[PDB]
Structure formats: structure tokens, C-alpha cells
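We name chains A, B, ... by the order of the sequence lines, and we start the count at 1 in each one. Side-chain atoms are counted along with the backbone in the values below, which use heavy atoms only and exclude waters and symmetry mates.
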Amino acid sequence: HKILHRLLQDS
Amino acid sequence: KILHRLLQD
Amino acid sequence: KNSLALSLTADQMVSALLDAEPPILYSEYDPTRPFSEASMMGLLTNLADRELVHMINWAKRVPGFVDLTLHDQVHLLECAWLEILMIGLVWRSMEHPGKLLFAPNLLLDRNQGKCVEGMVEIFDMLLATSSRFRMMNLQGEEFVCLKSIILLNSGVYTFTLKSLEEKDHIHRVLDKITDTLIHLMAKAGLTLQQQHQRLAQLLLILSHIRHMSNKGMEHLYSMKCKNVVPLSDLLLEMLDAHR
Amino acid sequence: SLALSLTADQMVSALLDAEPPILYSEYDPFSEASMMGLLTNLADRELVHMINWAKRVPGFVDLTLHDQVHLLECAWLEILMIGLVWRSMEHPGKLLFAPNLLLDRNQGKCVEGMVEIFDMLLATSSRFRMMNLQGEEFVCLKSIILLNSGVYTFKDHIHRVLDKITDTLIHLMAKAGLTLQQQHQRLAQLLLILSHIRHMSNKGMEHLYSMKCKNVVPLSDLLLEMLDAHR
Ligand SMILES: O=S1C=CC(c2ccc(O)cc2Cl)=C1c1ccc(O)cc1Cl
Ligand SMILES: O=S1C=CC(c2ccc(O)cc2Cl)=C1c1ccc(O)cc1Cl
């Protein structure tokens with residue numbers, strides 16, 4: 001649930 | 001300051 | 001497979017990096033109110049948090065970075081985020097001797113850095129780095145190379161057996177950027193001896209940038225426990241990735 | 001300054017001749033205090049030889065006494081670590097602190113936070129192993145650390161000597177038959193490792209500071225002086 005994950009995730 | 005002395009030698 | 005980065009030429013590498021440059025953000029700084037330790041830290045925290053969002057999307061546009069797995073991308077940014085914030089700040093502050101340009105409306109000297117405990121020692125190192133860039137007359141094409149080198153290199157040695165091809169792919173892009181730096185220095189009329197010397201001088205600065213990041217990370221962890229100014233949820237994630 | 005007048009071969013042989021010796025640990029598992037005591041005693045004795053090694057680095061004696069103190073205070077743990085990494089190349093998965101003190105990462109778990117520093121050191125040794133680092137290249141990197149790590153916390157002379165060592169590194173690679181493209185690539189790869197050696201030093205400096213107030217093992221006066229210069 002890392003914020004860095006989602007910001008890298010979304011497209 | 002031991003570092004001083006060791007550098008003077 | 002069939003990496004786009006390995007196919008790029010030297011001039012194409014520069015263009016892609018220059019196109020990916022994040023913007024220079026502004027802060028909520030009001031020159032009317034003087035500085036306090038909580039207010040100045042709040043300004044720098046608010047600014048760094050918004051820059052992190054742009055950095056994460058800038059990293060996606062770095063050639064070769066998208067080819068890495070999500071776990072590797074997280075790891076590289078987690079260990080290099082403060083290094084990238086600092087070299088960008090140092091780059092913005094080149095034309096302002098003795099001053100750090102956090103934002104076009106936030107220009108601080110080493111005296112105003114004393115408003116925060118321990119911050120003055122970090123300000124002096126950032127100023128000395130900016131003087132070194134000015135001393136070397138660093139070029140924007142060289143700067144975007146060093147910033148991408150920091151992203152790919154700073155966390156590559158902190159990586160089991162099959163993923164060695166991923167580490168090898170990063171080193172291939174790192175050598176690609178080295179060829180780009182040499183290609184830049186050859187265009188500016190530098191001899192082969194001058195190209196190697198300037199190449200070494202630039203990469204030795206990254207050693208000091210790592211040193212500033214380690215000291216900066218300990219200072220941010222101090223402010224977290226001091227609880228005087230709250231940190232953003234993203235900065236807390238990036239900060240806890242170093243302990 | 002005679003350092004700039006030397007040739008590339010005369011710079012290599014001067015650095016090779018100045019190499020400190022490989023010291024032995026105190027003879028004869030390990031607890032926290034025992035391992036930290038062996039490492040403290042070893043690092044303290046290695047520091048005396050490093051200080052005399054620094055005097056023999058071409059151009060280092062030309063600096064004032066204050067600048068010599070500043071450079072050693074900032075680079076001492078980096079120099080100890082890069083020498084440890086160099087000794088451990090022929091021993092993959094292990095750290096050769098001394099010929100009679102060969103440790104693995106499992107033995108690094110005896111001390112708190114020591115396993116993290118151990119893994120970074122082992123990773124650096126593997127990188128030197130994968131790159132086939134040569135002893136002539138190693139002595140140049142160690143001299144670069146001494147002159148560069150503290151040069152920005154102060155200088156034109158130090159940078160002239162640094163350029164001199166850069167000419168020596170390239171000269172060694174051209175002697176080995178590497179092409180021009182392979183020369184600046186290997187030069188970049190070697191210097192980028194110094195960024196991680198600096199990282200290990202800052203992490204190692206914090207660990208030694210925690211050992212100080214944990215007071216597990218008493219530190220020597222010289223080691224405390226080198227440690228207090230970072231806080
Ligand atoms: O301790 S710090 C030294 C430099 C900065 C800094 C701030 C904003 C920015 O856009 C870039 C940088 Cl390098 C510090 C800082 C402070 C608070 C904070 O919450 C985060 C940071 Cl990074
Ligand atoms: O924390 S440390 C990581 C490596 C070492 C180390 C020890 C001895 C030596 O000859 C060389 C090294 Cl690099 C650590 C260390 C430990 C205790 C101590 O008192 C001093 C040090 Cl430097």
C-alpha cells in the first residue's frame with residue numbers, strides 16, 4: 001500500500 | 001588530538 | 001526485451017532527458033511574515049513533497065527505467081529521492097552565489113538556514129556543491145545525465161540469482177549515459193585527456209551528493225521525532241525506507 | 001609540488017610502494033562484545049598505518065596540517081572499508097578483516113545493525129570481483145577517496161592531484177589494451193562505486209556512534225577522535 005507504488009502504478 | 005601527533009612524525 | 005534506451009544515440013539521449021525535465025515549483029512563502037523553525041520547515045516540507053510527485057513521473061521517462069520491474073523502480077527511487085532533490089536544488093542555485101534557490105520565490109542564504117537546528121551544516125554543503133558546479137561551469141546537458149546516473153546507480157548495489165539480468169541491464173544504461181557525457185565533452189572541443197578528467201570530476205561530485213543525502217536523511221528523521229512540523233505521508237514513506 | 005611532475009608509471013609504483021601491511025587480529029564463536037572488541041582493536045591499529053600511508057600519497061604532504069587532518073577525518077572509514085573490500089575479493093561471501101579473522105554475514109548478526117553493513121561490504125567485494133579490479137586500479141581509487149571525500153567541506157591543488165590520478169587510471173586501462181570507449185566506461189564504473197563506499201561509511205559511522213552510547217566495547221581515543229569529527 002505504498003504511495004510510491006501507486007504513483008508509479010497508475011497509467 | 002592524536003591525529004595531529006601521528007601526522008607530525 | 002528490445003530496450004528503447006540501448007538503441008538511443010547520444011544526441012537522442014540528451015533530448016529525451018531534457019524533455020523529461022520536471023518544472024521548477026513555487027512555494028507558499030510570504031515575505032511579509034519572518035521565519036520560524038516550524039514555518040520554514042513547513043515550506044521546505046510542502047515544496048519537497050510536491051517535487052516528489054514530479055520526480056516519480058520524471059523517473060518513468062528516464063530511458064531504461066520503465067523496463068525495470070515495479071519492485072526495482074520502488075527501490076531505486078526510495079534510496080535516491082533525496083539525492084535527486086539535492087542535485088536539482090544545487091543546479092537551480094548555480095547563478096546565485098551564497099544562496100539556495102528552493103523556489104523562484106524562496107531564495108535562502110546560510111544565515112536563514114540557521115533557523116532550523118542542524119540545517120546550517122546541510123546548507124553549507126549544498127552551497128559548496130553549487131559553487132563547484134559554477135566552478136566547473138556545469139552544462140544542462142551534463143546535469144540531466146548526472147541526475148539520471150544517480151537514479152540508476154544509487155540503489156543498484158543494494159539489490160537474488162535470476163534478477164542478475166536486471167542489474168546487468170541497469171549497468172548497460174549507465175554505460176550508455178557515460179558515452180553520452182563523453183560525447184558532450186567532445187563536442188565542446190575538449191581533448192581526450194580533458195574529457196576523462198571532466199568525466200571523473202563530475203562523478204566524484206556524486207560521492208559528495210550521496211554524503212549530503214545521508215546527512216539530510218538523518219536530519220529529516222530528527223524532525224520527524226521532534227514532531228515540531230508534520231511530514232507528508234509520502235515523505236514519511238521515503239524516509240522510513242532508509243531505516 | 002612534485003606529485004604533478006611524476007609520470008603515470010611513477011604514480012603507480014609510488015602508490016604501490018606506500019601500501020600499508022595486512023595486520024592480524026588477536027588470536028582466538030563470537031558474542032557482540034567479543035567481535036566488536038576484535039574489530040575495534042584491529043581498526044585502531046589499521047588507523048596508525050593509514051595515517052603513515054597518507055603521508056606517502058603523492059601530493060598529500062604538500063597540503064597544510066589542517067587540510068591533512070580534515071581529509072583523513074572524513075575519509076578514514078571509507079579507506080578502511082575499501083581496503084577490507086579489496087582483501088575480501090579472493091574470498092567470495094566472506095569478509096577478510098585479517099588473515100586469521102574471516103567472517104561471513106551470519107557472524108555479522110552477533111552485533112546489532114552489523115548485518116546491514118556486512119551485506120553492503122560483501123556486495124562491493126562482488127562488484128570488484130565481477131569487474132576484475134586490479135591492484136594498480138585499487139591504489140588509485142583509495143588515493144582518490146582520501147583527497148576527494150573532504151575537498152568540498154573546505155583547493156586547486158587537490159583537484160590537480162585528482163586529475164593526475166585520473167590520468168593514471170586511464171593510463172592503466174590503455175596499457176591493458178582496452179579501447180577508448182571501454183576506458184571511459186570502466187573509469188565511470190569504478191568511480192560510481194565510490195558513491196556506495198561513501199554510503200557504507202555514513203552507515204558505518206552511525207553504527208559506531210550507536211556502539212559508543214550502547215557502550216558495548218570501549219573505543220580508543222584515536223577512534224573516538226575520528227568518530228567525533230562526524231557529529
Ligand atoms: O533538510 S533539507 C536540505 C535541503 C531540503 C529540500 C527541500 C525542498 C526541496 O524541494 C529540495 C530539498 Cl533538497 C530539505 C528538506 C527539508 C524538509 C523536508 O520535509 C524535506 C526536505 Cl528534502
Ligand atoms: O562497523 S564496522 C564495519 C567494518 C569495520 C572494520 C573493522 C576493522 C577493520 O580493520 C576495518 C573495518 Cl572496515 C567496523 C568497525 C567496528 C568497530 C570499530 O571499533 C571500528 C570499525 Cl571501523
Side-chain angles (χ1 to χ4, degrees), chain B residues 1-3 6, chain C residues 118 158 210-211 213-222 224-225 239-240 242-243, chain D residues 23-27 29-51 72-85 87-88 94-98 100-115 117-125 145 149-150 196-215 217-231:
Chain B
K1 197 93 165 189
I2 299 116
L3 178 54
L6 296 181
Chain C
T158 328
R210 180 79 71 114
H211 184 73
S213 177
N214 296 139
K215 294 296 185 178
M217 207 71 62
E218 292 288 345
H219 181 267
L220 296 184
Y221 179 86
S222 173
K224 165 189 174 63
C225 295
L239 179 57
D240 282 321
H242 280 259
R243 298 295 176 266
Chain D
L23 304 184
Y24 282 81
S25 174
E26 299 158 326
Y27 44 89
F30 304 112
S31 60
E32 179 178 58
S34 68
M35 168 165 294
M36 288 302 301
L38 297 169
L39 299 181
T40 299
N41 181 274
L42 181 63
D44 179 77
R45 286 181 286 116
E46 273 197 300
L47 274 179
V48 178
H49 285 90
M50 174 201 304
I51 295 169
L72 276 169
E73 283 181 329
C74 165
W76 70 268
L77 190 51
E78 281 183 276
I79 299 172
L80 285 181
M81 281 178 170
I82 191 181
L84 168 67
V85 168
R87 297 192 299 270
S88 308
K94 282 170 160 53
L95 294 175
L96 200 160
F97 287 91
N100 61 342
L101 188 55
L102 191 63
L103 308 179
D104 54 49
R105 72 176 309 277
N106 291 332
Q107 294 170 273
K109 286 142 63 179
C110 316
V111 191
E112 293 184 353
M114 182 62 80
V115 65
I117 300 173
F118 263 47
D119 292 323
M120 291 185 297
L121 294 166
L122 290 169
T124 313
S125 188
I145 294 174
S149 291
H196 179 65
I197 291 176
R198 171 93 76 158
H199 183 69
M200 297 188 299
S201 173
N202 294 330
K203 287 295 180 177
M205 204 70 63
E206 289 289 340
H207 178 269
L208 295 186
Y209 186 85
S210 68
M211 297 281 97
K212 179 191 176 185
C213 341
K214 284 185 191 295
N215 210 329
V217 58
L219 299 179
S220 67
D221 295 325
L222 178 62
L223 205 49
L224 281 179
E225 284 189 358
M226 309 300 291
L227 181 64
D228 272 271
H230 279 260
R231 295 290 294 183

- Message: Tell me every residue that passes side chain to side chain donor-acceptor pair (under 3.5 Å) with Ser201(D), counting only those two or more places apart in sequence or in another chain.
- Response: none
Can you confirm whether [X] sits close enough to [Y] that some side-chain heavy atom of one is under 4.5 Å from a side-chain heavy atom of the other?
{"X": "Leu222(D)", "Y": "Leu6(B)", "answer": "yes"}
{"X": "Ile51(D)", "Y": "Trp76(D)", "answer": "no"}
{"X": "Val217(D)", "Y": "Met211(D)", "answer": "no"}
{"X": "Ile117(D)", "Y": "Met81(D)", "answer": "yes"}
{"X": "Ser88(D)", "Y": "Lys94(D)", "answer": "no"}

Looking only at heavy atoms, which two atoms of [X] and [Y] are closest? And how far apart?
{"X": "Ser25(D)", "Y": "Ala98(D)", "value": "N-CB, 3.4 Å"}
{"X": "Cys110(D)", "Y": "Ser31(D)", "value": "CB-O, 3.8 Å"}
{"X": "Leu80(D)", "Y": "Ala43(D)", "value": "CD1-CB, 4.2 Å"}

[atom2] on [Y] to [atom1] on [X], rounded to 0.5 Å:
{"X": "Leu223(D)", "Y": "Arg45(D)", "atom1": "CG", "atom2": "CZ", "value": "12.5 Å"}
{"X": "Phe97(D)", "Y": "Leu84(D)", "atom1": "CZ", "atom2": "CG", "value": "5.0 Å"}
{"X": "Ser149(D)", "Y": "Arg210(C)", "atom1": "OG", "atom2": "CZ", "value": "12.5 Å"}
{"X": "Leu42(D)", "Y": "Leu38(D)", "atom1": "CG", "atom2": "CG", "value": "8.5 Å"}
{"X": "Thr124(D)", "Y": "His196(D)", "atom1": "OG1", "atom2": "NE2", "value": "3.5 Å"}
{"X": "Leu77(D)", "Y": "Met50(D)", "atom1": "CG", "atom2": "CE", "value": "8.0 Å"}

- Applying side-chain contact (heavy atoms from CB on, under 4.5 Å), name anything that partners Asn106(D), two or more places apart in sequence or on another chain. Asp104(D), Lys109(D)
- Item | Under-4.0 Å salt bridge between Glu206(D) and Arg243(C) | no
- Item | Sidechain N-carboxylate O distance under 4.0 Å for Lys214(D), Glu32(D) | no
- Message: With a 3.5 Å distance limit and no angle check, can you tell me whether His230(D) reaches the backbone of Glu73(D) through a side-chain donor-acceptor pair?
- Response: yes
- Task: Determine, step by step, whether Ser222(C) and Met217(C) satisfy the side-chain contact (heavy atoms from CB on, under 4.5 Å) criterion, reporting the C-alpha distance in whole Å, the side-chain angles of both residues, the deciding distance to 0.1 Å, and the verdict.
- Result: CA-CA 9 Å; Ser222(C) 173; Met217(C) 207 71 62; over 6 Å; no
- Item | Contacts of type salt bridge (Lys or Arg N to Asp or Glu O under 4.0 Å), residue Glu46(D), not counting sequence neighbours | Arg87(D)
- Query: Can you list the steps and then say if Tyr24(D) with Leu101(D) is a side-chain contact (heavy atoms from CB on, under 4.5 Å)?
  - Reply: CA-CA 8 Å; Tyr24(D) 282 81; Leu101(D) 188 55; over 6 Å; no
- Message: Just to verify, which of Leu95(D), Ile82(D), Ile197(D) counts as forming a side chain to side chain contact (heavy atoms under 4.5 Å, CB included) with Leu121(D)?
- Response: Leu95(D)
- Message: Evaluate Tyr209(D) against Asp228(D) for side-chain contact (heavy atoms from CB on, under 4.5 Å), listing each step before the verdict.
- Response: CA-CA 9 Å; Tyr209(D) 186 85; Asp228(D) 272 271; over 6 Å; no
- Task: Go through the steps for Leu47(D) and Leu3(B) under the test side-chain contact (heavy atoms from CB on, under 4.5 Å), then give the verdict.
- Result: CA-CA 10 Å; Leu47(D) 274 179; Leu3(B) 178 54; over 6 Å; no
